[PDB]
file query.cif (mmCIF, C-alpha atoms and all ligand atoms)
data_input
#
loop_
_atom_site.label_atom_id
_atom_site.label_comp_id
_atom_site.auth_asym_id
_atom_site.auth_seq_id
_atom_site.Cartn_x
_atom_site.Cartn_y
_atom_site.Cartn_z
CA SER A 82 24.38 39.37 60.56
CA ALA A 83 26.08 38.21 63.74
CA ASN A 84 24.29 40.65 66.05
CA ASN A 85 20.52 40.43 65.64
CA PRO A 86 19.19 43.02 68.14
CA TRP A 87 16.33 40.74 69.21
CA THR A 88 18.35 37.61 70.04
CA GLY A 89 18.52 36.98 73.78
CA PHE A 90 16.03 39.71 74.69
CA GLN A 91 12.40 39.72 75.72
CA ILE A 92 10.38 42.48 74.05
CA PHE A 93 8.57 44.90 76.36
CA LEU A 94 4.89 44.96 75.39
CA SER A 95 3.34 48.39 74.94
CA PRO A 96 0.99 49.15 77.87
CA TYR A 97 -0.58 51.93 75.79
CA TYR A 98 -1.40 49.68 72.84
CA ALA A 99 -2.27 47.19 75.57
CA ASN A 100 -4.66 49.74 77.05
CA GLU A 101 -6.15 50.47 73.63
CA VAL A 102 -6.60 46.75 72.93
CA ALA A 103 -8.13 45.98 76.34
CA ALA A 104 -10.69 48.75 75.92
CA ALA A 105 -11.37 47.60 72.35
CA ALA A 106 -11.79 43.91 73.19
CA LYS A 107 -14.47 44.44 75.84
CA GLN A 108 -16.62 46.21 73.22
CA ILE A 109 -16.47 43.25 70.81
CA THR A 110 -19.70 41.29 71.34
CA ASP A 111 -18.95 37.83 69.95
CA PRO A 112 -17.17 36.14 72.89
CA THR A 113 -14.79 34.07 70.75
CA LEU A 114 -13.72 37.15 68.79
CA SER A 115 -13.39 39.31 71.92
CA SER A 116 -10.92 36.89 73.52
CA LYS A 117 -8.84 36.78 70.33
CA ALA A 118 -8.85 40.59 70.29
CA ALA A 119 -7.68 40.76 73.91
CA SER A 120 -4.74 38.50 73.04
CA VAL A 121 -3.43 41.16 70.63
CA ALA A 122 -2.08 43.01 73.69
CA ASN A 123 0.46 40.17 74.03
CA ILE A 124 1.88 40.76 70.52
CA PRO A 125 4.94 43.05 70.48
CA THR A 126 4.49 46.39 68.68
CA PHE A 127 6.31 49.75 68.30
CA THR A 128 5.62 52.91 70.35
CA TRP A 129 5.36 56.00 68.14
CA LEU A 130 7.11 59.05 69.57
CA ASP A 131 5.04 61.22 67.28
CA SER A 132 5.40 64.37 69.44
CA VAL A 133 7.34 65.68 72.44
CA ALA A 134 4.19 64.88 74.43
CA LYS A 135 5.05 61.17 74.01
CA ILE A 136 8.50 61.39 75.59
CA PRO A 137 7.34 61.01 79.23
CA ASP A 138 5.66 57.77 78.14
CA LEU A 139 9.00 56.55 76.77
CA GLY A 140 10.63 57.15 80.15
CA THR A 141 8.10 55.01 81.95
CA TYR A 142 8.52 52.18 79.43
CA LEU A 143 12.30 52.05 79.95
CA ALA A 144 11.98 51.98 83.74
CA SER A 145 9.16 49.44 83.64
CA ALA A 146 11.03 47.19 81.21
CA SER A 147 14.06 47.41 83.51
CA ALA A 148 11.98 46.26 86.49
CA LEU A 149 10.25 43.51 84.52
CA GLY A 150 13.61 42.15 83.38
CA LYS A 151 14.81 41.96 86.97
CA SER A 152 11.55 40.29 88.07
CA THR A 153 11.80 37.60 85.36
CA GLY A 154 15.56 37.13 84.82
CA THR A 155 15.31 38.55 81.28
CA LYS A 156 17.05 41.32 79.35
CA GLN A 157 14.37 43.64 77.98
CA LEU A 158 14.02 45.48 74.69
CA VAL A 159 11.85 48.56 74.01
CA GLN A 160 10.63 49.26 70.45
CA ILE A 161 10.11 52.90 69.40
CA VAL A 162 9.45 55.02 66.33
CA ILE A 163 11.15 58.40 66.00
CA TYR A 164 8.49 60.40 64.13
CA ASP A 165 8.58 64.16 64.65
CA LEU A 166 10.49 65.79 61.79
CA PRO A 167 9.85 69.46 61.00
CA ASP A 168 7.61 69.81 57.95
CA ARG A 169 6.82 66.13 58.49
CA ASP A 170 5.21 64.11 55.68
CA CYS A 171 6.20 66.62 53.02
CA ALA A 172 4.29 64.93 50.15
CA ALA A 173 1.09 64.27 52.10
CA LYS A 174 -2.05 66.34 51.64
CA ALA A 175 -2.04 66.97 55.41
CA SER A 176 0.42 66.41 58.25
CA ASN A 177 0.00 66.20 62.02
CA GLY A 178 3.61 67.10 62.88
CA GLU A 179 4.04 69.73 65.61
CA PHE A 180 7.28 71.25 64.22
CA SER A 181 7.70 73.48 61.19
CA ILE A 182 10.89 74.39 59.37
CA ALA A 183 9.83 78.06 59.36
CA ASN A 184 9.64 78.13 63.20
CA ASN A 185 13.05 76.81 64.28
CA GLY A 186 11.83 73.33 63.39
CA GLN A 187 15.23 71.69 63.11
CA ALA A 188 16.33 73.18 66.43
CA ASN A 189 13.09 72.00 68.06
CA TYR A 190 13.54 68.55 66.55
CA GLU A 191 17.08 68.32 67.89
CA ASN A 192 15.79 69.18 71.37
CA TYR A 193 13.16 66.42 70.95
CA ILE A 194 16.05 64.01 70.23
CA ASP A 195 17.98 65.35 73.23
CA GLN A 196 15.01 64.66 75.52
CA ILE A 197 14.75 61.11 74.17
CA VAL A 198 18.49 60.52 74.62
CA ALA A 199 18.26 61.86 78.18
CA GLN A 200 15.64 59.21 78.99
CA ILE A 201 17.44 56.32 77.29
CA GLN A 202 20.77 57.20 78.99
CA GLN A 203 19.24 56.58 82.42
CA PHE A 204 18.30 52.95 81.63
CA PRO A 205 21.41 51.28 80.14
CA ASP A 206 20.23 47.76 81.03
CA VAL A 207 17.30 48.09 78.57
CA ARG A 208 17.95 47.66 74.86
CA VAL A 209 16.17 50.04 72.48
CA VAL A 210 15.34 49.48 68.83
CA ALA A 211 14.18 52.55 66.91
CA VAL A 212 12.62 52.99 63.49
CA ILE A 213 13.85 56.36 62.22
CA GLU A 214 11.27 58.71 60.67
CA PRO A 215 8.70 56.92 58.51
CA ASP A 216 7.60 58.93 55.47
CA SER A 217 10.82 61.02 55.28
CA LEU A 218 13.86 59.82 53.32
CA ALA A 219 11.69 57.88 50.87
CA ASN A 220 10.00 61.18 49.88
CA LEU A 221 13.47 62.55 49.07
CA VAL A 222 14.08 59.83 46.49
CA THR A 223 10.89 60.11 44.45
CA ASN A 224 9.14 63.32 45.59
CA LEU A 225 11.72 66.08 45.07
CA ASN A 226 9.32 67.82 42.70
CA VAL A 227 6.91 68.37 45.60
CA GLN A 228 7.87 71.88 46.66
CA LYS A 229 7.44 71.14 50.36
CA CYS A 230 9.77 68.13 50.00
CA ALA A 231 12.35 70.08 48.02
CA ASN A 232 12.04 72.76 50.70
CA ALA A 233 12.35 70.14 53.46
CA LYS A 234 15.27 68.16 51.99
CA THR A 235 18.14 69.78 53.86
CA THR A 236 16.17 69.79 57.12
CA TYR A 237 15.15 66.13 56.80
CA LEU A 238 18.76 65.14 56.14
CA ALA A 239 20.15 67.26 58.98
CA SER A 240 17.48 66.15 61.44
CA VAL A 241 17.75 62.44 60.63
CA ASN A 242 21.53 62.81 60.91
CA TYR A 243 21.16 64.38 64.36
CA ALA A 244 18.89 61.52 65.46
CA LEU A 245 21.24 58.81 64.18
CA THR A 246 24.38 60.49 65.53
CA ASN A 247 22.98 61.10 69.00
CA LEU A 248 20.91 57.95 69.52
CA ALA A 249 24.03 55.97 68.60
CA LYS A 250 25.80 57.55 71.60
CA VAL A 251 23.37 55.70 73.89
CA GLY A 252 23.58 52.44 71.98
CA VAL A 253 20.18 52.46 70.27
CA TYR A 254 19.85 49.98 67.40
CA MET A 255 18.40 51.88 64.47
CA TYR A 256 16.60 51.12 61.23
CA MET A 257 15.96 54.04 58.88
CA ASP A 258 12.55 53.97 57.27
CA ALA A 259 12.88 52.96 53.63
CA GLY A 260 9.35 52.93 52.25
CA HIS A 261 8.23 49.65 50.68
CA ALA A 262 8.43 47.64 47.46
CA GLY A 263 5.90 49.86 45.70
CA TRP A 264 7.72 53.03 46.66
CA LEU A 265 11.49 52.46 46.53
CA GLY A 266 11.46 48.84 45.27
CA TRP A 267 10.83 49.73 41.64
CA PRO A 268 14.12 48.70 39.96
CA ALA A 269 14.71 52.25 38.77
CA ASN A 270 14.41 53.65 42.31
CA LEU A 271 16.81 51.17 43.93
CA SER A 272 20.03 53.02 43.06
CA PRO A 273 18.94 56.59 43.99
CA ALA A 274 17.57 55.16 47.25
CA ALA A 275 20.82 53.33 48.01
CA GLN A 276 22.82 56.47 47.26
CA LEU A 277 20.69 58.53 49.64
CA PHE A 278 20.68 55.98 52.48
CA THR A 279 24.43 55.47 52.11
CA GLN A 280 25.07 59.22 52.29
CA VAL A 281 22.96 59.34 55.46
CA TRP A 282 24.86 56.40 56.99
CA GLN A 283 28.21 58.02 56.09
CA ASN A 284 27.22 61.41 57.52
CA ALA A 285 26.32 59.70 60.80
CA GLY A 286 29.75 58.11 61.01
CA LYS A 287 28.86 54.62 59.79
CA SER A 288 27.99 53.70 63.38
CA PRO A 289 27.47 49.94 63.88
CA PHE A 290 24.26 50.86 65.71
CA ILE A 291 22.80 51.97 62.36
CA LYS A 292 21.76 48.44 61.49
CA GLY A 293 19.92 49.12 58.27
CA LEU A 294 16.41 49.85 57.08
CA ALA A 295 12.75 49.30 57.98
CA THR A 296 10.23 48.53 55.24
CA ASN A 297 6.46 48.37 54.81
CA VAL A 298 5.92 50.59 57.88
CA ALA A 299 2.20 51.35 58.16
CA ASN A 300 1.65 49.61 54.83
CA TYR A 301 0.08 46.35 53.70
CA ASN A 302 2.47 44.61 51.29
CA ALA A 303 3.24 40.93 51.53
CA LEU A 304 6.67 39.89 52.68
CA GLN A 305 6.41 36.97 50.24
CA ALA A 306 3.49 36.64 47.82
CA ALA A 307 2.95 33.49 45.74
CA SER A 308 0.95 35.57 43.26
CA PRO A 309 1.65 39.28 42.68
CA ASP A 310 -1.02 41.68 43.83
CA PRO A 311 -2.50 43.28 40.66
CA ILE A 312 -1.56 46.71 42.01
CA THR A 313 2.09 45.79 41.39
CA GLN A 314 1.97 45.47 37.58
CA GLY A 315 5.12 46.83 36.00
CA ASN A 316 7.28 46.25 39.10
CA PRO A 317 9.08 42.89 39.27
CA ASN A 318 9.69 43.59 42.97
CA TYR A 319 6.09 42.92 43.93
CA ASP A 320 6.67 42.11 47.61
CA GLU A 321 9.04 43.10 50.39
CA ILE A 322 11.38 40.13 49.97
CA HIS A 323 12.00 41.07 46.33
CA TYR A 324 12.63 44.68 47.34
CA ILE A 325 15.06 43.77 50.12
CA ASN A 326 16.88 41.14 48.04
CA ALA A 327 17.50 43.89 45.46
CA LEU A 328 18.48 46.83 47.69
CA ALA A 329 20.69 45.06 50.24
CA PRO A 330 23.60 44.32 47.84
CA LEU A 331 23.77 47.98 46.84
CA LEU A 332 24.26 48.95 50.50
CA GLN A 333 26.78 46.14 51.07
CA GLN A 334 28.84 47.37 48.09
CA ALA A 335 29.15 50.72 49.87
CA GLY A 336 30.58 48.96 52.95
CA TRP A 337 27.33 48.94 54.95
CA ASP A 338 26.39 45.38 55.89
CA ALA A 339 22.80 46.41 56.29
CA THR A 340 19.96 44.36 57.65
CA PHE A 341 16.24 45.00 57.60
CA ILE A 342 13.02 44.78 59.55
CA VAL A 343 9.63 44.46 57.84
CA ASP A 344 6.24 45.55 59.19
CA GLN A 345 3.60 42.84 58.71
CA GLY A 346 1.08 44.10 61.26
CA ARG A 347 -1.58 44.85 58.60
CA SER A 348 -0.45 42.44 55.87
CA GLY A 349 -2.66 39.41 56.63
CA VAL A 350 -4.94 40.16 53.67
CA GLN A 351 -3.48 40.83 50.22
CA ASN A 352 -5.22 42.10 47.08
CA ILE A 353 -7.30 44.73 48.89
CA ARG A 354 -6.12 47.89 47.10
CA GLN A 355 -7.27 49.43 43.84
CA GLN A 356 -3.92 51.20 43.36
CA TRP A 357 -0.61 50.51 45.08
CA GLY A 358 -0.30 54.08 46.40
CA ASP A 359 -3.57 53.90 48.38
CA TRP A 360 -2.28 53.85 51.94
CA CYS A 361 -4.98 55.22 54.28
CA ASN A 362 -7.07 52.87 56.46
CA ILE A 363 -7.30 50.25 53.73
CA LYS A 364 -10.58 48.37 54.12
CA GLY A 365 -10.45 44.67 54.88
CA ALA A 366 -6.90 44.64 56.20
CA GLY A 367 -6.13 41.86 58.65
CA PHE A 368 -3.43 41.43 61.24
CA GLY A 369 -0.49 39.65 59.60
CA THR A 370 2.48 37.43 60.44
CA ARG A 371 3.48 37.65 64.08
CA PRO A 372 6.79 39.32 64.94
CA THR A 373 9.69 36.89 64.75
CA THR A 374 13.35 36.65 63.87
CA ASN A 375 12.45 33.48 61.91
CA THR A 376 12.36 35.50 58.72
CA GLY A 377 13.95 33.01 56.32
CA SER A 378 16.06 35.81 54.81
CA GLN A 379 19.77 36.50 55.27
CA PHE A 380 18.95 40.23 55.17
CA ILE A 381 16.00 40.46 57.60
CA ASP A 382 16.58 40.60 61.37
CA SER A 383 12.87 40.53 62.21
CA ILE A 384 9.32 40.64 61.04
CA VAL A 385 7.79 43.35 63.25
CA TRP A 386 4.52 45.16 63.94
CA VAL A 387 5.45 48.83 63.60
CA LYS A 388 2.13 50.55 62.88
CA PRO A 389 -0.27 49.51 65.68
CA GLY A 390 -3.36 48.18 63.96
CA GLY A 391 -6.52 49.92 65.13
CA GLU A 392 -5.04 53.41 65.38
CA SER A 393 -6.41 55.47 62.51
CA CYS A 394 -4.19 56.73 59.72
CA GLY A 395 -6.36 59.79 59.24
CA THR A 396 -9.87 61.15 59.22
CA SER A 397 -12.24 60.68 56.29
CA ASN A 398 -13.99 63.93 57.26
CA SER A 399 -13.32 66.40 54.45
CA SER A 400 -14.05 69.29 56.85
CA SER A 401 -11.24 68.52 59.29
CA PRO A 402 -8.15 70.75 59.15
CA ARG A 403 -6.04 67.56 59.03
CA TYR A 404 -8.05 65.94 56.24
CA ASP A 405 -6.10 63.93 53.67
CA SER A 406 -8.29 62.97 50.71
CA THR A 407 -6.55 59.59 50.40
CA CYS A 408 -8.55 58.69 53.52
CA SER A 409 -11.86 59.10 51.64
CA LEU A 410 -10.99 56.87 48.67
CA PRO A 411 -13.43 53.98 48.13
CA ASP A 412 -10.84 51.49 49.44
CA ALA A 413 -10.38 53.52 52.64
CA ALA A 414 -12.57 52.34 55.51
CA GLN A 415 -15.05 55.15 56.23
CA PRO A 416 -16.07 56.94 58.28
CA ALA A 417 -12.64 57.12 59.95
CA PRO A 418 -11.51 59.23 62.93
CA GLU A 419 -8.50 61.52 63.30
CA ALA A 420 -5.03 60.08 62.79
CA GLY A 421 -3.68 58.22 65.80
CA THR A 422 -7.04 57.88 67.52
CA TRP A 423 -8.71 54.52 67.97
CA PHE A 424 -10.76 53.15 65.06
CA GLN A 425 -12.79 50.40 66.71
CA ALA A 426 -14.50 48.90 63.66
CA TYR A 427 -11.15 48.74 61.84
CA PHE A 428 -9.56 46.93 64.78
CA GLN A 429 -12.40 44.42 64.97
CA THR A 430 -11.92 43.57 61.28
CA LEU A 431 -8.14 43.38 61.73
CA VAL A 432 -8.91 40.72 64.35
CA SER A 433 -11.56 38.91 62.31
CA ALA A 434 -9.37 38.84 59.17
CA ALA A 435 -6.10 37.96 60.93
CA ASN A 436 -3.88 35.63 58.92
CA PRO A 437 -2.51 33.53 60.52
CA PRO A 438 -5.65 33.43 62.68
CA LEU A 439 -5.52 34.68 66.27
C1 LIG A 501 -15.87 67.17 60.56
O1 LIG A 501 -15.02 68.43 60.53
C2 LIG A 501 -15.23 69.46 61.57
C3 LIG A 501 -13.90 69.67 62.26
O2 LIG A 501 -13.28 70.80 61.72
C4 LIG A 501 -16.31 69.22 62.64
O3 LIG A 501 -17.12 70.39 62.74
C5 LIG A 501 -16.69 71.22 63.83
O4 LIG A 501 -16.75 70.51 65.17
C6 LIG A 501 -16.31 71.36 66.29
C7 LIG A 501 -16.63 70.63 67.57
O5 LIG A 501 -18.02 70.58 67.75
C8 LIG A 501 -16.96 72.76 66.30
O6 LIG A 501 -16.15 73.65 67.09
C9 LIG A 501 -16.76 74.05 68.34
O7 LIG A 501 -15.68 74.49 69.30
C10 LIG A 501 -16.15 75.05 70.58
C11 LIG A 501 -15.81 74.10 71.69
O8 LIG A 501 -15.03 74.77 72.66
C12 LIG A 501 -17.66 75.32 70.60
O9 LIG A 501 -17.96 76.21 71.69
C13 LIG A 501 -18.13 75.95 69.32
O10 LIG A 501 -19.57 76.13 69.40
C14 LIG A 501 -17.83 75.13 68.12
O11 LIG A 501 -19.07 74.51 67.71
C15 LIG A 501 -17.09 73.39 64.93
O12 LIG A 501 -18.03 74.48 65.00
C16 LIG A 501 -17.54 72.46 63.87
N1 LIG A 501 -17.42 73.16 62.53
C17 LIG A 501 -18.48 73.03 61.52
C18 LIG A 501 -18.33 73.74 60.18
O13 LIG A 501 -19.45 72.39 61.74
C19 LIG A 501 -17.25 68.08 62.36
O14 LIG A 501 -17.94 67.75 63.58
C20 LIG A 501 -16.51 66.89 61.89
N2 LIG A 501 -17.46 65.73 61.72
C21 LIG A 501 -17.02 64.37 62.07
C22 LIG A 501 -17.98 63.20 61.90
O15 LIG A 501 -15.93 64.18 62.48
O1 LIG A 502 3.50 53.30 53.42
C1 LIG A 502 2.79 54.07 54.35
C2 LIG A 502 3.07 55.53 54.11
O2 LIG A 502 2.71 55.81 52.72
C3 LIG A 502 2.95 57.22 52.34
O3 LIG A 502 2.58 57.46 50.98
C4 LIG A 502 3.47 56.87 50.02
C5 LIG A 502 2.98 55.51 49.60
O4 LIG A 502 3.33 54.51 50.60
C6 LIG A 502 3.57 55.05 48.32
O5 LIG A 502 2.96 53.81 47.91
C7 LIG A 502 3.40 56.06 47.20
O6 LIG A 502 4.06 55.61 46.10
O7 LIG A 502 4.01 57.36 47.61
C8 LIG A 502 3.37 57.84 48.84
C9 LIG A 502 3.95 59.19 49.15
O8 LIG A 502 3.66 60.03 48.06
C10 LIG A 502 2.16 58.16 53.23
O9 LIG A 502 2.52 59.52 52.92
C11 LIG A 502 2.41 57.89 54.68
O10 LIG A 502 1.46 58.69 55.44
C12 LIG A 502 2.25 56.44 55.04
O11 LIG A 502 2.67 56.25 56.39
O1 LIG A 503 21.62 47.09 74.23
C1 LIG A 503 21.42 46.93 75.61
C2 LIG A 503 22.71 46.57 76.29
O2 LIG A 503 23.64 47.70 76.17
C3 LIG A 503 24.89 47.52 76.98
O3 LIG A 503 25.64 48.65 76.89
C4 LIG A 503 24.55 47.23 78.44
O4 LIG A 503 25.77 47.00 79.17
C5 LIG A 503 23.67 46.05 78.57
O5 LIG A 503 23.30 45.87 79.97
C6 LIG A 503 22.42 46.17 77.75
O6 LIG A 503 21.73 44.92 77.75
#
call {"tool": "encode", "arguments": {"input": "query.cif", "output": "structure tokens"}}
result
Amino acid sequence: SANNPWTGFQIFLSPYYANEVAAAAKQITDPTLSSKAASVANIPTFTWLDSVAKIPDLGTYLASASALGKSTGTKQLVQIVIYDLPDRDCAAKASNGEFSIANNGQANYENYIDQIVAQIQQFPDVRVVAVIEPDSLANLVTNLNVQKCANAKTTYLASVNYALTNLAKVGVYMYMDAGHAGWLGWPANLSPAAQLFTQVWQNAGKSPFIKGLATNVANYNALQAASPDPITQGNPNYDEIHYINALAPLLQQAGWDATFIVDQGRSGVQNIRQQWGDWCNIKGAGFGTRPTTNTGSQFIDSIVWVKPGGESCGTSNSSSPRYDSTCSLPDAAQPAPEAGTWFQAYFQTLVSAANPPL
């Protein structure tokens, strides 16, 4: 649309991902590969506010971005993920979320939002783009027969509404997570998804700051594939562009001129999954298309790197309390460390298999 959040702004690079990458690159032995790995710290990515413990980090990024903009004559933009719902990841075998519905989880989540808003409010010369709650609303389209999801539904909707309503008050541009082509892009899922997202947008007052939806977050789908990945058989929407081209008109019909962002951070290598639903640490993944507003789609504001490649999606250790068995499938790189922690061998392959090359 007319207002693409990224136009006219310089993205603030994550110093934390930058710190992870710098430490990772010096351990890569081939000198040509190590220098390519180091350059990954210059590629814009999203900061995951996966716990209240991450909020102080957010505050430093806003203030730093503000100072960098003044030092360079630029307007700065900070990219974040809101990812702390109570009973988070309701359909997963295991979740790392710190809040539970049964222990005032919604109230604790709303205080988490309040703390984030209180940071953002202090730095009005820094633009913020937020992805809202990966692995939440999508579960409420297709996974209502999972008891935890049925039991989480009202809390997910209330908590996401609180996030949208209150982040809008400080001018945050927001994209609700909307799964990916293999999740909500099945033709039969497009209408229930649109109905849910539209109800969410309406409950939050149709704020213009609610730009639309984020897709492929932490996944591996192509934006545009010349040949469908065999995992996609039965779904004519075999890539993200097909999914977005199908869903967007349903949102527009409701009066929401929605736009989209698409994660491509681990999409450089296609045809690496046995089944489409295999999501954990998929072996052989490569860094994908670099972030850009040159998307070639009327509906897509930016290609982005939301999931930071190299941070594990979960342990393959079946004895860990956080073990998700998806992370031990044959197509999951193993052994793998606990979710969020650095997975050095995975990062090195992401670098080696990057497409376009680094
Ligand atoms: C795979 O899963 C296990 C994690 O649940 C882990 O085994 C456990 O590792 C911890 C850390 O060594 C041990 O807990 C220790 O905690 C205190 C430290 O303050 C020590 O004083 C205790 O002696 C205790 O050892 C657990 O005992 C241990 N549990 C078992 C059954 O072995 C494995 O290490 C994990 N393996 C990998 C590769 O990740
Ligand atoms: O896309 C990353 C995201 O996947 C989640 O699992 C989805 C999966 O993407 C989808 O293909 C399948 O159809 O449904 C599952 C949920 O049942 C996963 O739970 C997340 O941890 C992950 O971030
Ligand atoms: O989105 C960020 C923008 O929000 C506006 O309210 C501020 O006045 C601008 O300085 C800032 O660049």
call {"tool": "residues_around", "arguments": {"input": "query.cif", "residues": "residue A:332", "least_positions_apart": "4", "cutoff": "9 Å", "atoms": "only C-alpha atoms", "output": "MDAnalysis selection string"}}
result
chainID A and resid 275:276 278:279 293 328 336:339
call {"tool": "residues_near_ligand", "arguments": {"input": "query.cif", "ligand": "ligand LIG 501 (chain A)", "cutoff": "9 Å", "atoms": "only C-alpha atoms and all ligand atoms", "output": "list in words"}}
result
residues 396, 397, 398, 399, 400, 401, 402, 403, 404, 416, 417, 418 and 419 of chain A
call {"tool": "atom_distance", "arguments": {"input": "query.cif", "atom1": "atom CA of residue A:188", "atom2": "atom CA of residue A:233"}}
result
13.9 Å
call {"tool": "axis_aligned_box", "arguments": {"input": "query.cif", "around": "stretch 413-426 of chain A", "padding_each_side": "8 Å", "output": "JSON"}}
result
{"center_x": -9.9, "center_y": 55.2, "center_z": 60.3, "size_x": 28.4, "size_y": 28.6, "size_z": 31.3}
call {"tool": "closest_residue", "arguments": {"input": "query.cif", "among": "A:90, A:427, A:180, A:357", "to": "ligand LIG 502 (chain A)", "atoms": "all atoms listed in the file"}}
result
A:357
call {"tool": "closest_residue", "arguments": {"input": "query.cif", "among": "A:140, A:160, A:209, A:145", "to": "ligand LIG 503 (chain A)", "atoms": "all atoms listed in the file"}}
result
A:209
call {"tool": "residues_around", "arguments": {"input": "query.cif", "residues": "residue A:428", "least_positions_apart": "2", "cutoff": "12 Å", "atoms": "only C-alpha atoms", "output": "number ranges by chain"}}
result
A: 98, 101-106, 108-109, 114-115, 117-119, 121, 346-347, 362-368, 389-393, 414, 417, 422-426, 430-435
call {"tool": "residues_near_ligand", "arguments": {"input": "query.cif", "ligand": "ligand LIG 503 (chain A)", "cutoff": "9 Å", "atoms": "all atoms listed in the file", "output": "mmCIF file with C-alpha atoms, keeping the file's coordinate frame"}}
result
data_model
loop_
_atom_site.group_PDB
_atom_site.id
_atom_site.type_symbol
_atom_site.label_atom_id
_atom_site.label_comp_id
_atom_site.auth_asym_id
_atom_site.auth_seq_id
_atom_site.Cartn_x
_atom_site.Cartn_y
_atom_site.Cartn_z
ATOM 1 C CA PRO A 86 19.190 43.020 68.140
ATOM 2 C CA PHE A 90 16.030 39.710 74.690
ATOM 3 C CA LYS A 156 17.050 41.320 79.350
ATOM 4 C CA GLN A 157 14.370 43.640 77.980
ATOM 5 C CA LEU A 158 14.020 45.480 74.690
ATOM 6 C CA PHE A 204 18.300 52.950 81.630
ATOM 7 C CA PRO A 205 21.410 51.280 80.140
ATOM 8 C CA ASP A 206 20.230 47.760 81.030
ATOM 9 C CA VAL A 207 17.300 48.090 78.570
ATOM 10 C CA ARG A 208 17.950 47.660 74.860
ATOM 11 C CA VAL A 209 16.170 50.040 72.480
ATOM 12 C CA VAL A 210 15.340 49.480 68.830
ATOM 13 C CA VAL A 251 23.370 55.700 73.890
ATOM 14 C CA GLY A 252 23.580 52.440 71.980
ATOM 15 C CA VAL A 253 20.180 52.460 70.270
ATOM 16 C CA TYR A 254 19.850 49.980 67.400
#
call {"tool": "residues_near_ligand", "arguments": {"input": "query.cif", "ligand": "ligand LIG 502 (chain A)", "cutoff": "7 Å", "atoms": "only C-alpha atoms and all ligand atoms", "output": "VMD selection string"}}
result
chain A and resid 170 172 to 173 215 to 216 220 224 260 to 261 263 to 264 297 to 300 357 to 360
call {"tool": "residues_near_point", "arguments": {"input": "query.cif", "point": "(15.5, 56.1, 80.0)", "cutoff": "7 Å", "atoms": "all atoms listed in the file", "output": "list in words"}}
result
residues 140, 143, 144, 199, 200, 201, 202, 203 and 204 of chain A
call {"tool": "atom_distance", "arguments": {"input": "query.cif", "atom1": "atom CA of residue A:438", "atom2": "atom CA of residue A:411"}}
result
26.4 Å
call {"tool": "atom_distance", "arguments": {"input": "query.cif", "atom1": "atom CA of residue A:193", "atom2": "atom CA of residue A:133"}}
result
6.1 Å
call {"tool": "closest_residue", "arguments": {"input": "query.cif", "among": "A:296, A:415, A:376, A:345", "to": "residue A:325", "atoms": "all atoms listed in the file"}}
result
A:296
call {"tool": "closest_residue", "arguments": {"input": "query.cif", "among": "A:89, A:286, A:266, A:112", "to": "residue A:250", "atoms": "only C-alpha atoms"}}
result
A:286
call {"tool": "residues_around", "arguments": {"input": "query.cif", "residues": "residue A:178", "least_positions_apart": "5", "cutoff": "7 Å", "atoms": "all atoms listed in the file", "output": "ChimeraX atom specification"}}
result
/A:165,167-169
call {"tool": "closest_residue", "arguments": {"input": "query.cif", "among": "A:374, A:326, A:100, A:88", "to": "residue A:155", "atoms": "all atoms listed in the file"}}
result
A:88
call {"tool": "closest_residue", "arguments": {"input": "query.cif", "among": "A:439, A:175, A:218, A:248", "to": "residue A:420", "atoms": "only C-alpha atoms"}}
result
A:175
call {"tool": "residues_around", "arguments": {"input": "query.cif", "residues": "residue A:281", "least_positions_apart": "3", "cutoff": "8 Å", "atoms": "all atoms listed in the file", "output": "short mmCIF file (atom, residue, chain, number, x, y, z; two decimals) with C-alpha atoms, in the coordinates of the input"}}
result
data_model
loop_
_atom_site.label_atom_id
_atom_site.label_comp_id
_atom_site.auth_asym_id
_atom_site.auth_seq_id
_atom_site.Cartn_x
_atom_site.Cartn_y
_atom_site.Cartn_z
CA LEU A 238 18.76 65.14 56.14
CA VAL A 241 17.75 62.44 60.63
CA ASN A 242 21.53 62.81 60.91
CA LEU A 277 20.69 58.53 49.64
CA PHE A 278 20.68 55.98 52.48
CA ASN A 284 27.22 61.41 57.52
CA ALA A 285 26.32 59.70 60.80
#
call {"tool": "residues_around", "arguments": {"input": "query.cif", "residues": "residue A:129", "least_positions_apart": "6", "cutoff": "8 Å", "atoms": "all atoms listed in the file", "output": "PyMOL selection string"}}
result
chain A and resi 135+161-164
call {"tool": "decode", "arguments": {"input": "query.cif", "residues": "stretch 364-378 of chain A", "atoms": "C-alpha atoms", "output": "JSON list (two decimals), in the first residue's frame"}}
result
[["chain", "number", "residue", "atom", "x", "y", "z"],
["A", 364, "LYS", "CA", 18.79, -30.43, 8.07],
["A", 365, "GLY", "CA", 20.45, -28.79, 5.09],
["A", 366, "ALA", "CA", 18.61, -25.49, 5.36],
["A", 367, "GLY", "CA", 20.45, -22.52, 3.91],
["A", 368, "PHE", "CA", 20.11, -18.80, 4.45],
["A", 369, "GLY", "CA", 17.63, -17.46, 1.89],
["A", 370, "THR", "CA", 16.72, -14.26, 0.04],
["A", 371, "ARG", "CA", 18.02, -11.16, 1.77],
["A", 372, "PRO", "CA", 15.48, -8.80, 3.37],
["A", 373, "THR", "CA", 14.10, -6.31, 0.87],
["A", 374, "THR", "CA", 10.99, -4.38, -0.04],
["A", 375, "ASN", "CA", 11.65, -5.45, -3.66],
["A", 376, "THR", "CA", 9.16, -8.26, -3.28],
["A", 377, "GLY", "CA", 7.49, -8.15, -6.69],
["A", 378, "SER", "CA", 4.08, -8.54, -5.04]]
